[PDB]
Amino acid sequence: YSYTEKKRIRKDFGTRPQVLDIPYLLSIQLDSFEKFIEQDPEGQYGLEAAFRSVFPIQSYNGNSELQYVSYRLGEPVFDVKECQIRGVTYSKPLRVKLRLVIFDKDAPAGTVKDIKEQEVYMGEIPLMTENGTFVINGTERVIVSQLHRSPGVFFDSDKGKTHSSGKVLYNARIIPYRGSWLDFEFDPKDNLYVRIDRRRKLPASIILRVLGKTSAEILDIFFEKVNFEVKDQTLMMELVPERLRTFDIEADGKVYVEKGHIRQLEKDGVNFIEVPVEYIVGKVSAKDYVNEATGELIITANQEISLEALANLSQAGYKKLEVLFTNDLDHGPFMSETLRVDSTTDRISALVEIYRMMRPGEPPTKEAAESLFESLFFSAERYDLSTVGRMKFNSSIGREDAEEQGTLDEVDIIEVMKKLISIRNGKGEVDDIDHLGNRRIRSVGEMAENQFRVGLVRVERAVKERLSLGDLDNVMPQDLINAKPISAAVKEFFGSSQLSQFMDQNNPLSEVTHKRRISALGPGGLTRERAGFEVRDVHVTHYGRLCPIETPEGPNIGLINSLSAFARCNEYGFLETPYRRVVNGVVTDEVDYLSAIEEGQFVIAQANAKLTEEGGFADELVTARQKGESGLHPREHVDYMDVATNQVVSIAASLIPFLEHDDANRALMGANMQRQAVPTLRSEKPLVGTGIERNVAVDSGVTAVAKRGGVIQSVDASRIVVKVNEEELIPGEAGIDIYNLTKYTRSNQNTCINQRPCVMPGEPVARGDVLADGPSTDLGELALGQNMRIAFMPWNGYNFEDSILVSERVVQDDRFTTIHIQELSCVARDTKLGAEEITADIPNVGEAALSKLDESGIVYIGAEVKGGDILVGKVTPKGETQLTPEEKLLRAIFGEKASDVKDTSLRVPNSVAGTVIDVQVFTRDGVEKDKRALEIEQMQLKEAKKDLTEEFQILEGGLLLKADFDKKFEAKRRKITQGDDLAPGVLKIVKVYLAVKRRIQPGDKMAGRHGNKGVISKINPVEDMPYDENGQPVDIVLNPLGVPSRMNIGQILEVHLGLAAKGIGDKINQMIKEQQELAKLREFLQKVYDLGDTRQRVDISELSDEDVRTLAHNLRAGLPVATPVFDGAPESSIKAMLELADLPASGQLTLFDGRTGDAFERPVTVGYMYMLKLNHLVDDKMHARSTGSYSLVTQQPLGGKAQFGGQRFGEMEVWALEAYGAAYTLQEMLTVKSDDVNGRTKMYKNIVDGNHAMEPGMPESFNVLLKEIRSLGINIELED
Amino acid sequence: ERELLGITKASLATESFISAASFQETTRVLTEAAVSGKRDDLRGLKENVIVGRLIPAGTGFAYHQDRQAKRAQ
Amino acid sequence: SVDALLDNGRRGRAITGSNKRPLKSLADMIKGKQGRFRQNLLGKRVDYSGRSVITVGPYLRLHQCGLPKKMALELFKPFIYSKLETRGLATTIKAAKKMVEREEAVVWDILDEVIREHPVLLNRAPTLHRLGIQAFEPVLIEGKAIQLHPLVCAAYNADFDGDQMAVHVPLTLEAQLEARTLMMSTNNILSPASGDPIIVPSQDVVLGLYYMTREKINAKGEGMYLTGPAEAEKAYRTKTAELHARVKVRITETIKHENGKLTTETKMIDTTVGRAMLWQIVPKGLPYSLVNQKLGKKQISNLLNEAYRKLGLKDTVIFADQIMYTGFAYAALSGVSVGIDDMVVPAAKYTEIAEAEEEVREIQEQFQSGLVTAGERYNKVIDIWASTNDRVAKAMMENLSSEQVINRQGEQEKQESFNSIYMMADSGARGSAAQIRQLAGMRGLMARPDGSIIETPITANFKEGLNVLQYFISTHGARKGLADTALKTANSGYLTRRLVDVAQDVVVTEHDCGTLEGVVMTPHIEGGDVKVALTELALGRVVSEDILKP
Amino acid sequence: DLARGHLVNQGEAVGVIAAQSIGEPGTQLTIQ
Amino acid sequence: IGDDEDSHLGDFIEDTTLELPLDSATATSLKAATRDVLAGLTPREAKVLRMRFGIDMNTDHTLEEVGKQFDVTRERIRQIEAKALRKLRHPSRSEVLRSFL
RNA sequence: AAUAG
Ligand SMILES: [Mg+2]
C-alpha cells in the first residue's frame, strides 16, 4: 500500500483478482499529439508526412524547385498560465529548413546550378498541455475524437425496398481519404452502372473502355468460355465435368440421361460431347471472327449466334467457336447486357462521354478528357486511398500487393466489379456498415495533420506560380513562403471546428469523460437530423470498445459515445480491447489486444466464469460469446477471457456502485449527471464506492502528484517543498521539488479550482503519492458529492414526483455550499468624440457608491459588493443632446447643467453579492499607466522577487550562480512590465473577479449516481424531520415511489451499505473516544477488513502504531467500502456488515414524526446516500422582465437572460390561446407586448395612470413583411 | 364530384393566401396569388393573428360579427 | 445578379460571401421555419414575462400558484409605480423607480395589494394542448422557484426533476377576465379530448387513500361500535383503534337523485376506521359505497367523476383539494418505504429455470438427431422460455399478494399483503405487474437491434443483479427505446402542426343549420365482443332522427 | 363541449381543439 | 454566435435609438407639472415664458419678437422674464419641479 | 455545437 492509500484503506468487496490495471485514461489524446509533433525518421506520421507529401515543389518550366530538409519547433513566448492570463494561444513556432535549388538552362536538365538553404517561419502550432488540453485564446479546449467511415470499398444493398418488387439491388462504393467517390450499382434490369462523385449513371463497361479494354477482353475477364469444335463432321463440346452435375448425351459407351447421377458416369472420364445446333442458337459469341477473303466481320463479340451465322462460319472454314458461360443461378449475363446498352466503342468515345457527364455544356477535347480521367483516380495530387483505406480495400478484394499504393488501378476496379457480380450471383455477403471494423477513430493528430497539409497546398500553389516566373537571382526561400494561409488553417481547426469544444470543467470526471469522448458528427461525419436508427444502436462489436450506457439523452442519442475502460486504438485507428489467453485449458495472465475483426473468430469467456486453483474453468460448459452471439460452449473450445469486470463500461459508469441492479435507462442518467456535479467547500469521500475513484483523481491532473519520492521539507497552503531521496537524484541536482498550488482559480463553468495540501512536514512520500487534493478530491479519491442520511418515505407531499425534502442542518453545516468565481470586464475604448476614461469622477453618483473605489476608480481587493455597486468607474464622452422646452425651463429655474460625459460603468449584476478577489489591468502600449496598474505591477515584481529568492534559497540549501538567475529574473521583469497587445481601438481593460458563496435553496437540482434526480422543495426545520429512537434526525427524505417503476435498485443497496459503513465508523469513533487499548482497535479493524470472502488481504499486523492511529482517525466518519461493478457485494455481505455495526439486518428503522412525536406505522429504510449538487441552480435560471431592449429590425424584445430579454410566445402557445378563446390576451401578446411601438408606450403610460386599456395597432413585423414582398416586385397592399 | 385531399394539400389549397404562405411552400403560394391577383378577406384565425387583430373566435367572435353587419349596411 | 438578389440558389450555384456561405436573399427573408412568417409573425417574444424552475406546493389551492417576490416585483413594476404615485408615497415616477430599486417595505405592501386579485398565466413547453397554459392566483413566496399545485401537473406533463415554467402577466381588464373565466385552473378540470377529469390524484395521494382504506384482520379495536366519522377519528387519535380496524359506524348519507330529490338516511354500516375518517371530507349527496372499499387510482377517479356529475364544479374543486391534503397526510403517516426485503423472489423460480434448461437440452438433442429443423428448434425454445417466464411471474405474484394472519378466534386467515411494492403497484400509484416481474422475477427474453429474439433469456432480476452479457443485451433494447422516443417527438410535432393548419378555420358560427342529414351510429363490434358501447359513442351528440322504441 | 359539459358555445374554435386533441397523444403512439 | 449554428448575430443587436417608456412617462409628467406651475403665475409672465422657451409652441422666440407681442422692449421683456424666473425659484412653488432633477 | 426539460 502507498502512503496515501495507507492513510485510508477502502474495504474491497470484490472477489476476482485483476491481472491488468486500468491504463492511463488520457492516452488517446497524448499519443495522437505525440504522433503529430514528434519527428518521424521514417516519415509516416505528422508534420514530416505532410512536408514529404507536399515537397518538393517543382516549377512548371523546370527552372528551379524548393526542397524540404527538416523542421523544428521553437520556444514558446508564454507559458500556459501566462497564456490564460493574457488571452493568447499556447503554441510553438514552426521553423522549416528549405533549399531553393536553381537549375541551369544551358546545361542538361537536372544540373544543380545553385542552392540556397534557409530557415522559414511556417506558422505557429498550438501545443497540448500535460493533461490533454489546448489553450486557444486563453480558453482551455478539448478536441474530440471522431468515429467515421473507414476508407476503402463497401458492398451494400437496398434490402429490396426501392423497386416495386423485391429485387434486392446491390451496390459497391469506393471511398478514399481524399478524392472522388466511385459507385457501381445494379439496376432492376441486371445491368451494371457507374457513378463518379454521385452524378448521372453511366454503363459500367465505359470505365473499362477508358482503361484500354476491348469488348472481347471484357468478356474474357468477366465470363468463362464454353468451347465447340467440328470433329469428324460432328459437333464438339469440350466437357467441363463440374458444369453438367434437355437433350440426348453422347459417349455411347457411357450414355447419360437423354432429355430427362452425373458423378458416377463422369467417373470414367471422356472429353467428347455431341450436341444439337439448337444448343448453339441461343448462345452469345465470345470473339470477333473475321474473314481475310471477304474482309468483313462474320460474327461480332457479344452477338447471339444464329443459324445463318453458323452456315457463314462453316463456309469460312472456321471449325472452333467459343461462347460465354451463362446460367440463372451461379453465373449471369450482367456484363453482356451492360455491353449491349453501352453506346461507346473506343477509348476516345468513352473519355468524351465521361467528360460530358463530368462537365456538361463544355466542348469536349481529347486532351481535356484525358487530363480529367487521369486526375480523377490515378493522380496522387487529387486522389489518396490512405494506408488504412488501402489495407481495407485489399482485404475486401483479396489483393496481396500494392500495399503502399494510394491510387486505384485496373486490377482494383476489375476486382471490385467481380466481387459485386459475385455477390449478385450468391457467393459473398454485404458489409455491416455499423461494424466497428468498418468504422475508424480519427483523433487530434490526424485532423491537425490534414489541416496543416491543406495550408501547405495553399502556399504550394503560390510558390509554383512565383518559381514559374524565372527571375530567382535574388530570391531566397523565405521570400517564397507566406505563413498566413497555414496559420489560418491551423487556427480555423483549433478554434472554429465543431470538434474543438469548450472544455467541460465542473469536476475531474467531467474533464476525463470529455477527453475520452467520440463523436460521429463533425467534418466528414453524420448530421443529427439525417442520422438514422441503425447508426444510433448498440452494435455487438461495441463490447469492450464503446460504452453501451454513457450516451447523451436527446437528439444526440447514439451519435456520441464514451471510450470503454480498457479500449485502445490500434495503429490504423480501429478500436481494440484486451483479452486473457487460455492456453492448455488454463487462463494465462498474458493479454492480447483484439480488434473487432479478430474478435469474431474466437470463443471468449466472461470474467464471471468460475475458476479452479490450477487456472482452468470449473464448469464443463461455460458462458461465452462467438461471432457476436452469446451461448454455452465447451470448456476446451474457449480461446480467450475478459480481463476485467468493468471492461464493457466507461469510467463514469464504472463509478456507479451496484450498477448491475440498475436499469440501463437510469444508469445512463447517473453516468451523465455525475459529470455535472459542482465541488463543495469540503470534499467528502463516498462511503460506498467502486474503486475507480483514485484512478480518476490521479489521471485527471487536478491533484499534485509527487514526481520523485523523499521527505516533505515544507508544507504551506500554497507551496509544497519535497527533499528528494538520495537514490533518485540526477547527478548535480539541487535535490528539491517545488509544487505551487492553484488557489481559487475560475473554471470554464465559473466554478472554483482550489488545491489543498494533504501532507505534513517531515512526512515521507513516494513517487505517485498525492501531495495536494484538487477540486472534488479527498486524499486522492474522487469526491463528487456528500454522504447524506436518507429516509425513503413520503412526507406531506413535499417529495411529490421527484421533489426532495432537505433538513435545515444541511444548510447550517454548509454541506452543499459552493464557490463560484465570475469574471467581469470594463473596456475603455477610443471613440470619435474622445477617449473613454476610467476614473472615480462619476456624474450624478454620490460618495456612498465611491467608498469601495480607489483614486484610479477601481474597486479594492477584498471589497464586499452587492448588486448595482460600481466596480470600475468609466465615463464616455457624449454629443450635443437636444433639450425639450420643459427641460430648458427647468434648467432656467435651477441652473445646474453638467452633462459633458455619460456614466457607462461596470456594475455588479443584479442579485449577485460577493467579494472581489482579483483585479487585473491591461494597458495598451503607449498609454499612461494609472496608479492602480502601477501598484499591481509593483506587487507582481515584489512577488516574483520573493518567489525567486525563496526557491533559490531552498535549492541552494539542498545543493549545499548569478548570471543565470539574473537572466531568469530579467525575463520575468520583461514579461511583467511590457505592454499588452489588445484589440484595435481598445485603450484599457480592467478585469474583476468575484467570489460568490451559493448555498442550497429550493429549486436546486440534486442527484445520486443511479439516475435519481430531483429538485429541492422545502428546507425543513430540524425539529420537524423524522428521527430515530436515539433522537437523530434524517438529513434528506426521498420518495419511495420513484424506485419501483424506474428499476434502479442499486440505490437501496447503497443505502443499506452506507448505513452499515457509518455504523462501523461510529463504532471506531466510540473505541477512540473511550481510549481503549490499541490491541482492541487492531482486532476490530482486522475483523472489519476480514468480512466476506474477498480478494483483499489487509493485515493490520504490518501497520505501525502511528499508522493504525491514522487509519482509525480517517475511519471516524464512516468506513469507505468498494463494490465493483458486476463484482459487487452480495446481500449476505451487506447483512453481515449491518450485524457487525449493531444495526437491523433489514436496513429499516423505526422513525418518529418530529411534529407530533408519533411513530410511523411501518419501519422506514434509513441509510446513507452519496448525493450531488448539479450545476442547474435556480439562481442562474430565475428571469423576469417587464420592459427592456428591443430588436433593431423586428422591434421585438431580445432573447436571453444576458440581454434581459423576454420569453417567446410560440405558435403552440397561440394555438392554446385560440383553443381557449382568449382573443384579448392573444392580441395583447401580439401587439402591445412585442412590436406595436406606439401601442406598447401607450400601454405603459396607461398602466402607470391605472387605466388598464390598450389601443392595438399594426405589428412592425407585418410592415417588414409587406416591404420585403414589395421588394420582390409584388404589389401587396391593404384595402379599406 | 367531391374530392378528398390530404391535410397538407387541403391546407395549401385554402382560399386565403396568407395562411397558405404561413404554412409552407411560400414561393409557390405567393407566385400563384400574384399572377391570379388574389384578395384575402381575413376570415380565419392565422390571418388575424398575423395582422394583429382579434381572432374571429371566442371573445373576439362577436366583434367580427358586428363588422360583418356594418359591411352589410 | 437580380436572380441572386431575389432567390439565391434557384437558378444555379448560390452566390457566397467572404464567409464561404450562401448569401441570404429576400425569399429567404420571407420563407421557411426561420422566416418572417413563423419566427416573428405567428410567434413572438413578449414583455411582462418570466421563467423559473418549478417546485411543489402541497399547501396551495387549485387556483393558486406560488410566485417569487423578486420575480413579481420585476413583472408588476408599472403597477407598483402607479400605486406608489396614487397613494402619495412617490411624488414622480423617478422617485417610484428609486423606491422600487431600494426595496422598501412599503413597496412590498404595494406589491401585495397589486397582486391581490391579478391572475397570472403559467406555461410549460411543449404546449401540446390548451391545458399547457393555465391561469392562477399568485401567492408571493420567499425564494426563486415557482410553486405549482400537484393536481395540475398531469395537465402540464410536469414533474419536479428540473422542469422550468414561463409566466405571463395579463395587462388589460379583458385579458384579466379571460384569465379568470376561461383559463383559470378551476374551470379546466375536464379533458377537452375525451371529457374525462384531468385533475385526478396520483402517486402519494392515491397511496395514502389506498393505505387508509385498506382492511386488516384482527386489528386493534375490531368490532367496536362508533357513533360516526368524528368518533372514528377520536379512536384513531387516542390509539384505541387502528386505521384498518373493522368496525360498525353510524353513517348519515344524503343522496341527490336525478330529479333533485335529497333523501337522507342514517344507518349502521360495517366499515373501517379509515373509511369513516375519509367520509368526513366527502361532500353531501354521494353514497357511502364510493368510500367503503379500498381506494386505488380508479376508485378516486370515480369519486371525483361522481362529485362532478352530481354536485357541480365548486364542490368538486373543494373535494379534490381535501382529497389531496388527506392523501398526503396519511401517506406521510403510513411510513411506506422500499427495502431489499420487499422484493420477495419465489422459491419456484429456480426450479422452473432448471426444468426449462433441461427441456431445452432435450430439444437440442432432438435437433442433433434431425427430428426437427433449426427454425422449429428456435420457435419451441422461445415458447419454452415464454411459458417459464409466465409461470415465474404467476408464482411471484401469488407469493407477494397474500399473507397469513391470526384472527380473533385464533385460526389462520388469508389477508391481502401490506408489502410496500405490492401496495404501490396495486393502488396504481406507481408500478405495474411487468416492473415487479423485472424486480423480483425474470427479465425475460430480449430483442436484438434488428428485432429478433435471443434464445437464452435474462434469468436474473434486478434484486439479484445481472452479469455483463445480460446487461449488454438489456442495453440493446434501452438504446432503441430512447432513439425511438427522440425521433417520434419530431414526427408527432410535424403531424400536429399540419392538423392545426388544416383545421384552424373551423369555428362554431351558428346554433342550428337546419339540416336533416346525419350519421348512423351503432356499437363497435370487431368479433364476439363489443369494443365500445353505443352509450360512449352517443354521449354528447344531438339526435338527428327520432329514436323510436324497437 | 367536452371540456365544459354543456352544448358548445358560438365562437368556439373547435378545429384547433380537434387538432390538439389528436396530436397530443402522438408521443405515446408507436366460427363458434 | 459562439458554437451555435441556428443563431445569428443580427438577433442580438439592440435599437439604441428607442426611448425608454419611463422617460416618456417622465416627459409627460414634466409637461403636466410645468403647466400647473405656469397656471400659478400672471398670464403675461406665463405667456412671455412660454414664448421664450417654446412651451406648447412650434418654435422658440428671442426677446425681440416677444416684445413684438404688446410692447417692443428688449430691456422690459428681459426684466419680466427675470421676475418670472425669480418667482418660480421660490421654494413655495418649486418643490414639484425639483423632483425632476 | 453542447446542455436541461
Ligand atoms: Mg421532468
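Below, chains carry the letters A, B, ... as their sequence lines are ordered, and counting in each starts from 1. Computation of the quantities below employed the complete heavy-atom set of this structure, encompassing side-chain atoms and omitting hydrogens, waters and symmetry-equivalent molecules.
An OP1 or OP2 oxygen of F/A4 is reached within less than 4.0 angstrom by a side-chain nitrogen or oxygen of A/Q676. Within the 4.0 Å cut-off from OP1 or OP2 of F/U3, at least one side-chain nitrogen or oxygen of A/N556 is found. Side-chain N/O atoms of A/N672 include none lying less than 4.0 angstrom from OP1 or OP2 on F/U3. Phosphate proximity of F/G5 to A/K1005: present, with a side-chain N or O under 4.0 Å from OP1 or OP2. For the OP1/OP2 pair of F/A4 and a distance below 4.0 Å, the side-chain nitrogens and oxygens of A/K1013 include no atom meeting the criterion. For F/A2, neither phosphate oxygen OP1 nor OP2 lies less than 4.0 angstrom from any side-chain nitrogen or oxygen of A/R517.
Atoms CE (A/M503) and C1' (F/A1) sit 17 Å apart, rounded to a whole Å. Nucleotide F/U3 holds its P atom 14 Å from the NZ atom of A/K1181, rounded to whole Å. Atom CZ in A/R141 sits about 10 Å away from atom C1' in F/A1, given to the nearest Å. Atoms CD1 (A/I518) and P (F/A2) sit 14 Å apart, rounded to a whole Å. If you take CG of A/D802 and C1' of F/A4, they are 14 Å apart, rounded to a whole angstrom. A/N748 places its CG atom 15 Å from the P atom of F/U3, with the value rounded to the nearest Å. Remark: P of F/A4 and NZ of A/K1201 are 19 Å apart, rounded to the nearest angstrom. Whole-Å rounding puts the A/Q146 CD to F/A2 P distance at 12 Å.
Here A/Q498 lies in heavy-atom contact (under 4.0 Å) with sugar-phosphate atoms only. Across all strands shown, A/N1175 has no heavy atoms under 4.0 Å from either base or sugar-phosphate atoms. Contacts of C/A158 with the nucleic acid, taken as non-hydrogen atoms under 4.0 Å apart, are absent. When heavy atoms are screened at a 4.0 angstrom cut-off, E/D6 is found touching no nucleic acid atom at all. No engagement by A/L1174 is indicated, since no non-hydrogen atom pair under 4.0 Å with the nucleic acid exists. Residue-level contact check: E/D4 touches the bases, meaning some heavy atom is under 4.0 Å from a base atom.
Using bins of under 30°, 30° to 60° and over 60° for the plane-to-plane angle, the ring pair C/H168/A/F1209 lands in the perpendicular bin.
Within the structure, salt bridge (charged side-chain N to carboxylate O under 4.0 Å, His left out) pairs that include any residue of residues 548-561 of chain A comprise A/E550-A/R675 (at least two apart or interchain). Listed by first and then second residue, the salt bridge (charged side-chain N to carboxylate O under 4.0 Å, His left out) pairs that reach into residues 143-162 of chain C are A/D1179-C/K144, sequence neighbours excluded.
Mapping A/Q501 and A/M673 onto RNA chain F by nearest heavy atom places A/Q501 at the nucleotide closer to the 5' end. For the pair A/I560 and C/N157, nearest-nucleotide mapping onto RNA chain F gives the more 5' position to A/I560.
Judged by distance alone, the side chain of C/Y156 and the main-chain N or O of C/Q134 form a donor-acceptor pair under 3.5 Å. Judged purely by atom type and a 3.5 angstrom limit, A/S500 uses its side chain to pair as donor or acceptor with the backbone of A/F494.
Taking every side-chain heavy atom of A/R675 into account, F/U3 is the closest of F/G5, F/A2, F/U3. The side chain of A/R528 sits closest to F/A2 out of F/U3, F/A2, F/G5.
Between C/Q203 and A/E801, the side chains place a donor N or O and an acceptor N or O closer than 3.5 Å (distance only, hydrogens not considered).
Within 3.5 Å, no donor on the side chain of E/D3 pairs with an acceptor on the base of F/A2, nor the reverse.
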